[PDB]
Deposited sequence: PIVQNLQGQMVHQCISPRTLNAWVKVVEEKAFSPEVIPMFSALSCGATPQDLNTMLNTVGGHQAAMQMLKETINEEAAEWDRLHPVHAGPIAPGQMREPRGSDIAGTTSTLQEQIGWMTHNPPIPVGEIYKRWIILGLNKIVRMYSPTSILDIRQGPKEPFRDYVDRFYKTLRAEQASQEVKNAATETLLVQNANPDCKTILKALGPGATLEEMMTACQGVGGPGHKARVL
């Protein structure tokens, strides 16, 4: 990553490397892996971002899809920012430079610490999360339409499933079981979630 000492490059830590690999092993593409990815990649160069992605051993279908999305964003970057070098001067980054496949670490450091800064690490991270979100959506196992409260399922457990599904991807009341539904309907309009859960507790 790049962090302050002056902004300077620091080696990615074994702790960071292991944390990412483990989250993926343990959580796959559950939605909460994305915020973890973003935090673990705080201050990351494109090189660092590639390191994190490349250290993943499984899920190679997903990792290929991600490359596809990345290449799509890089092409759109090239469409909006065509590049044209002068001895000793900073060149303009193209898509594959931001994605760290045709740029060196030193070039990335130069862009990231220039004045004004060209935040290639942040730009690349945005593309990666765009791709990751597609994957989270794809690997979501259930439709919100199929999340319905069971006959003796605690309302809390049902709401947990409902919003967990919504995150991966009136209905709450509709999909509630008969007993709870009657209670919720009587609540009247404008009830908060807290109120509904207390009601069916």
Check: So which bits of the deposited chain never got modelled?
Finding: 6-8, 88-90, 176-187, 220-231
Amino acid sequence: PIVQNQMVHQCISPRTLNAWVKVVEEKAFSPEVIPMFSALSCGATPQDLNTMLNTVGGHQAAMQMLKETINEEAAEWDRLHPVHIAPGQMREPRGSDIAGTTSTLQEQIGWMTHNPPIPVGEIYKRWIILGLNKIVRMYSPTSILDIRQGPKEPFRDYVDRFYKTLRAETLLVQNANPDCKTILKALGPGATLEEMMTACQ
From here on, numbers count along this sequence of modelled residues.
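By rigid core we mean the largest C-alpha set that fits within 1.5 Å across both forms.
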Margin query: For a rigid core alignment of each structure in 6 other deposited structures of this protein onto the shown form, which stretch has the higher root mean square Cα deviation: 18-26 or 181-189?
Written below: 181-189
Checklist line | Stretch with larger C-alpha RMS deviation in 6 other deposited structures of this protein, core superposed, 170-178 versus 39-47 | finding: 170-178
Margin query: If you average the CA temperature factors as listed in the entry, which stretch comes out higher, 126-134 or 109-117?
Written below: 109-117
Item checked: Entry-level comparison of average CA B-factors, 10-18 and 185-193, reporting the higher stretch -> 185-193
Next item on the list: Kindly indicate the residue among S41, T170, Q149, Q64 with the greatest C-alpha B-factor in the PDB record.
Entry: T170
Checklist line | Entry-reported Cα temperature factor of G58, expressed as the chain third it lands in | finding: middle
Next item on the list: Using the B-factor values recorded in the entry, state whether the Cα atom of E68 falls in the lowest, middle or highest third among the modelled residues of its chain.
Entry: highest
Checklist line | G88 - which third its CA temperature factor falls in, relative to the rest of the chain | finding: highest
Checklist line | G95 CA temperature factor, ranked by third within the chain | finding: middle
